[PDB]
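Two forms, one chain: they're shown below as structure tokens, one block per form, named structure 1 and structure 2.
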Structure 1
């Protein structure tokens, strides 16, 4: 049901409402290529890990649940990285420095704990896909501004000609540093909670 897969895009965003994917959002958002690849990888890994954890949720002792979940997640990530290196070397070259960051992306384990341990396999798979889409929404939106303003490019295609190449645009150097990502995500949250005001935090 699309209502299940599209909720985490705006209603329950893993970053704008939950705080679960911040590090990679700050790291991999200087190019739309890397942002897109990371979105796909996280979506795939979260879906599969949710499915597998939910398959055996009734046999996991509470004292080793973290170990079980992390073993499944790490195995999936390692196999994915090996396959990419074997068959998609060009793509693997981009994601190589961030391979480890996928294992500790809080989204995967947070959704395994919150949903997969309570729900059934197919619902858990759909939940993983939806959270991946919500994560990718923020990643792509931030990467758009960062890449365009820091280099005048989108997916590596020249859009704003640079002065160094006889153009008119002078790139912004702060768009290649983390503070720009912090500010962009803050203003994105501001807009998201200006619309849909039910998410506004209380007090004051």
Structure 2
């Protein structure tokens, strides 16, 4: 069955962030809470899948001169719809996500997949590729968010897991897990572990 390979390879074999360098801004920004990481993962998956589907649908008619304009028009329309829906039904998470909902348009994963696969493949394959890349992105986002939120606030999805001294518990949260360097360090160590368990991705020495 070919579908499983397409949906699963970008998770570990060709991870968009750990092997390719794409979508690092949102990974660094929106991983201080697991709910925001989850919502961003879903939004990116949805936008990438539909952009791939439509671009592959009209791949034979795009004029070469303004292909970028056409692709970005489609992507921006999808992102605008997503942003409106989020503000209509998930107002709190939309507030927390800040400008990074609109930055899905410039997220490198969407444009990279649209150019590389959608322009050369059929609609259903392009949609499945988008879903797979979304899952690969979500893997890193959720893994980073789990550690950051747990070790920084004793919570997961806002649920209390580690009682805090301020509430009469036993755990003192780490303040650095709520700041920028923690995401960098966590992503670096995740890449280290991934390339230890799958050494074929190790880079050659310069």
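Numbering follows the first chain given and starts at 1. Basically, rigid core = biggest C-alpha set you can superpose within 1.5 Å across the two forms.
Engineer: Against the rigid core, is the Cα displacement of residue 98 between the two structures at least 2 Å?
Structural biologist: Yes, its C-alpha moves 2 Å or more.
Engineer: Using a superposition on the rigid core, decide whether the Cα position of residue 88 changes by 2 angstroms or more between the two structures.
Structural biologist: It does, since the residue 88 C-alpha is displaced 2 Å or more between the two structures after the core fit.
Engineer: I need the CA movement of residue 63 between the two structures once the rigid core is aligned, reported in Å.
Structural biologist: Rounded to one decimal, the shift is 2.0 Å.
Engineer: After aligning on the rigid core, report the distance the C-alpha of residue 170 travels between the two structures, in angstrom.
Structural biologist: Core-aligned C-alpha shift comes out at 1.2 Å.
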